[PDB]
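Sequences listed follow chains R and V, in order. Residues 3 to 513 in our numbering are what the first sequence lists, from first letter to last. Residues 69 to 217 in our numbering are what the second sequence lists, from first letter to last. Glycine included, C-beta positions come from ideal geometry on N, C-alpha and C. Have a look at the structure below before the remarks.
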Amino acid sequence: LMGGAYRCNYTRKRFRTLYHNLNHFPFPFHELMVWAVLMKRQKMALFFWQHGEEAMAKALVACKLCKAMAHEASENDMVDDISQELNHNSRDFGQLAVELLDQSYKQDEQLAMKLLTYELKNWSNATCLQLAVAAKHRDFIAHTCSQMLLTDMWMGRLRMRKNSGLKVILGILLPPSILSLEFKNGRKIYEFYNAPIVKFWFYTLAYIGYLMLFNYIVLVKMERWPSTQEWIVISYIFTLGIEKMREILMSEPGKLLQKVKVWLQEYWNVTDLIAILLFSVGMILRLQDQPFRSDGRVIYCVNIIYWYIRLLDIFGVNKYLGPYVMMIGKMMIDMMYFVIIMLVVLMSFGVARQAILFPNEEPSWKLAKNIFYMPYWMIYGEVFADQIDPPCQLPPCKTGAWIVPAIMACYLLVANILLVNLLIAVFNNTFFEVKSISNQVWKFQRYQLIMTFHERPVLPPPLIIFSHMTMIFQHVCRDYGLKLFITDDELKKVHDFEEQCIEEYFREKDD
Amino acid sequence: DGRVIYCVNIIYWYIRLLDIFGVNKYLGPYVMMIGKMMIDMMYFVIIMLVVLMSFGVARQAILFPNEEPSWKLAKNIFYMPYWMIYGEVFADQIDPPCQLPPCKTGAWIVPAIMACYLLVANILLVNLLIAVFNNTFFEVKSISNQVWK
Ligand SMILES: CCCCCCCC(=O)OC[C@H](COP(=O)(O)O[C@@H]1[C@H](O)[C@H](O)[C@@H](OP(=O)(O)O)[C@H](OP(=O)(O)O)[C@H]1O)OC(=O)CCCCCCC
Ligand SMILES: COCC(CCO[C@H]1CC[C@@]2(C)C(=CC[C@H]3[C@@H]4C[C@@H]5O[C@]6(CC[C@@H](C)CO6)[C@@H](C)[C@@H]5[C@@]4(C)CC[C@@H]32)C1)COC
Ligand SMILES: COCC(CCO[C@H]1CC[C@@]2(C)C(=CC[C@H]3[C@@H]4C[C@@H]5O[C@]6(CC[C@@H](C)CO6)[C@@H](C)[C@@H]5[C@@]4(C)CC[C@@H]32)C1)COC
Ligand code: NA
Ligand code: NA
């Protein structure tokens, strides 16, 4: 029910050995809570939740279990009453976890941050953040305490918080400037270059350089044999493909065919694969005779558009430039239907005009071009009334050519005054929902961004081939970032703080 | 050179009349609202510029494949794709109808990229900017009124 990474306490070899010759339980309310959750007893589970230690972890685990049971019951096509009664339990447990987190952060902040990161021995060594992410709980990760914890994990071991970013670029470009930044309590360089923010900025600078080289090679004349910049671009593409293959192989599932399915879940990955294959085909066709070389160059020119577009993924790290991109992504789906309707009207007008003006044309594929070309250009400003309805020294006028200006006028009135204004109204009246949803989704995906830049080779793709050599040499041979290991006294203090917080929460709610 | 600097200065001194206008009861808050919508517009200009640069580079590389390196290349990318979105969409200056020099290899992609670029720039981003201006106007209006008073 939990997931691939989870490992229950009963299935461990120690408990199998203990159970074979058949004691007690150190935390009985954990077992009773899981029993009540698994047997669809909501009141009993809510009673057992407020007793014992680790209330927030219990709430998140119960939420995940209820969601998984609801999904499985819906899949197994049982009575839909159960599959709708379980989702309510999941929502209730998620709300309890969110309220407990809010109370804990309201009381004390350092203990609240320590609560979300410390390793949980009873729940297969997973922190509260990982349990919340595995449960797809957006309201928990989007909370203020979770966002500040994510910012602390993203900044690395550097204490600069006023105006960052510029200093990171300075340190990347000027290594002597590194030994002037404050650090959290020789080895300073290793801690600087392993922070995820520095990795991200190094990757961004490498991508900017690669884009510049690609623009240079496509703009300037191309010869029989590739120049140096073309070789650099080809090496960048090859190493990026190798890095994508490495990301595929070291994924979460243990099956080679199954990891591909999980990797093909984000659209950026499949678009990257398509672009890399297209670039490989174009490069293969490029090193040939003149016509195939021209075809390869045209493939290069077409392919550069995608690498220009992919800068939005880089922009997505910004606080204000990410939600706008998600809003654009939703507005495209909102715009498709009006594109269809305008296409219908445009085709009608174009066919009518072409049939009226030119009545003695032999069948040719040029006819399919004259329908879409000029009616489409006529709605973006080029409404030249000399080309359409020609003034017919004087060639004879075509029969019925006085209808073309009237049809054009009606078509312009429909297309430029009605549909576009209705589209403006549609965009305007459905903006608040899209804005809130995009903000929540970006705040949730910040965690995945931080994780995927924390687990990444330090060198950018154009010279990442060297960092792939060390993974082969080390083949024959987490202090922080994910978890936080604490002693027994600190664990007891955290448990005391959590019990105080949950008691205060219940008392305040009753009052 | 001094005359050109005079022209730039007359641009600035013409702009500086909004400070004089700022004494009016209704012409001050509008200027402050302009000041904040400037930030929003500058946030959208980056995306518009990315799309524009992509289309310009693609068209320039497709149509002219035998150009020596010159700074004129950096001009042909920004000039015409920018003038296109302000109503000057042409069909003979760009995508030439190729008595006739031979057609360039792959010149049938320029009108399709042009159509997609116009659809993205003139129907999507500008309408989204209109929605952004419209849905965040009451807060800006109240704050500007308070700050002016
Ligand atoms: C070529 C770039 C293309 C990739 C662009 C990659 C995308 C990109 O642009 O980076 C975003 C990042 C901005 O975020 P950054 O951390 O630097 O600064 C934030 C900003 O100062 C806000 O004003 C702060 O408060 P608030 O929010 O107002 O309340 C916020 O504080 P907090 O809330 O965090 O505590 C700060 O985080 O960097 C820059 O743009 C600075 C110049 C660097 C870029 C200029 C140098 C090129
Ligand atoms: C008259 O002959 C000129 C000659 C000197 C020729 O040198 C050339 C060197 C390459 C260079 C600087 C030149 C023209 C286009 C320039 C491109 C414009 C691109 O714009 C950018 C624009 C913005 C970027 C995001 C994308 O690329 C560059 C990758 C690109 C760019 C700056 C690469 C550099 C190119 C001039 C004189 O010598 C005596
Ligand atoms: C140079 O000479 C060409 C010659 C071959 C000529 O064959 C012709 C056969 C009819 C055909 C395929 C041709 C041109 C217009 C084509 C129309 C375009 C229309 O578009 C569609 C567009 C979308 C639809 C919704 C509406 O109609 C078709 C009804 C229509 C359509 C596909 C019908 C088919 C027409 C070519 C070469 O032979 C050696
Ligand atoms: Na116009
Ligand atoms: Na015009």
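Strand pairing of residue i, partner residues [DSSP]
i	result
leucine 160 (chain R)	R:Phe185
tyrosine 120 (chain R)	R:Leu486
Where residue i meets chain R, residues with beta-carbon distance less than 8 Å
i	result
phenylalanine 158 (chain V)	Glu384
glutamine 128 (chain V)	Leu221
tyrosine 111 (chain V)	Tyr322, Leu323 and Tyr326
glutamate 136 (chain V)	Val222 and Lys223
Exposed unless 16 or more other CB atoms sit within 10 angstroms - verdict on residue i
i	result
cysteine 399 (chain R)	exposed
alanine 357 (chain R)	exposed
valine 262 (chain R)	exposed
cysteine 166 (chain V)	exposed
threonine 119 (chain R)	buried
residue 2 (chain R)	The displayed coordinates of chain R run from 3 to 513. Any statement about residue 2 (chain R) would go beyond what the structure contains.
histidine 22 (chain R)	exposed
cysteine 503 (chain R)	buried
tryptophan 125 (chain R)	buried
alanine 411 (chain R)	exposed
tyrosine 209 (chain R)	buried
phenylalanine 206 (chain V)	exposed
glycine 256 (chain R)	exposed
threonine 129 (chain R)	buried
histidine 139 (chain R)	buried
Spatial neighbours of residue i in its chain, beta-carbon cut-off 8 Å, leaving aside the 5 residues before and after
i	result
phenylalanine 142 (chain R)	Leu62, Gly96, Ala99, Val100, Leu103, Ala134 and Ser148
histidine 145 (chain R)	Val100, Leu103, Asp104 and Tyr107
Cross-chain neighbours of residue i in chain R, by beta carbon under 7 Å
i	result
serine 122 (chain V)	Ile307, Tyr310 and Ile311
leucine 186 (chain V)	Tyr382
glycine 174 (chain V)	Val300
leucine 117 (chain V)	Per Cβ cutoff of 7 Å: no residues; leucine 117 (chain V) is ~10 Å from chain R at best.
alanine 183 (chain V)	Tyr378
Cross-chain neighbours of residue i in chain V, by beta carbon under 7 Å
i	result
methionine 333 (chain R)	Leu192 and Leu196
Listed by chain order, chain C residues near residue i by CB distance under 8 Å
i	result
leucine 168 (chain V)	Among the protein chains of the structure shown, namely R and V, there is no chain C.
Listed by chain order, chain V residues near residue i by CB distance under 8 Å
i	result
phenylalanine 429 (chain R)	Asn195, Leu196, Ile198 and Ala199
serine 296 (chain R)	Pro133, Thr173 and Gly174
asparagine 217 (chain R)	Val125
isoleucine 330 (chain R)	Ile115, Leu192, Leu193 and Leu196
Own chain, CB closer than 6 Å to residue i, minus 5 neighbours either side, in chain order
i	result
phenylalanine 487 (chain R)	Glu121
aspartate 297 (chain R)	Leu287
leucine 461 (chain R)	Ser469
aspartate 163 (chain V)	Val178 and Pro179
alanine 64 (chain R)	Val39 and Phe95
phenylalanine 27 (chain R)	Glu33
Closer than 9 Å at the beta carbon, the chain R residues around residue i
i	result
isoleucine 177 (chain V)	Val300, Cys303 and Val304
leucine 141 (chain V)	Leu221 and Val222
Close-in-space but distant-in-sequence residues of the same chain around residue i (CB under 7 Å, 5 per side omitted)
i	result
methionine 333 (chain R)	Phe429
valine 119 (chain V)	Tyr185, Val188 and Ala189
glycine 318 (chain R)	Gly324 and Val327
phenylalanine 340 (chain R)	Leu421 and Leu425
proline 463 (chain R)	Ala208, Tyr238, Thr241, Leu242 and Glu245
residue 522 (chain R)	Lying outside 3 to 513, the shown extent of chain R, residue 522 (chain R) is not represented and no answer is given.
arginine 159 (chain R)	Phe185, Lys186, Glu193 and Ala197
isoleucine 467 (chain R)	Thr241
Contacts of residue i in chain V (Cβ-Cβ under 9 Å)
i	result
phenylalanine 433 (chain R)	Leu196, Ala199, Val200, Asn202 and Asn203
Worksheet item: Which runs of the alpha helix (DSSP H) fall wholly inside the region 245 to 290 of chain R and span at least 4 residues, in chain order?
Response: 258 to 265 and 269 to 288
Practice prompt. Write down every uninterrupted run of the alpha helix (DSSP H) in the region 408 to 495 of chain R whose length is 4 residues or greater and which is fully enclosed by it, in chain order.
Written response: 422 to 431, 434 to 456 and 467 to 475
Worksheet item: Can you give, in chain order, each stretch of the alpha helix (DSSP H) that sits fully within the region 183 to 245 of chain R and has at least 4 residues?
Response: 189 to 194 and 198 to 221
Item to complete: Mind listing, in chain order, the continuous alpha helix (DSSP H) runs of no fewer than 4 residues lying wholly within the region 71 to 155 of chain V?
Response: 85 to 89, 97 to 131, 141 to 144 and 147 to 152
Worksheet item: Enumerated in chain order, which unbroken segments of the beta strand (DSSP E) with a length of 3 residues or greater are wholly contained in the region 44 to 128 of chain R?
Response: none
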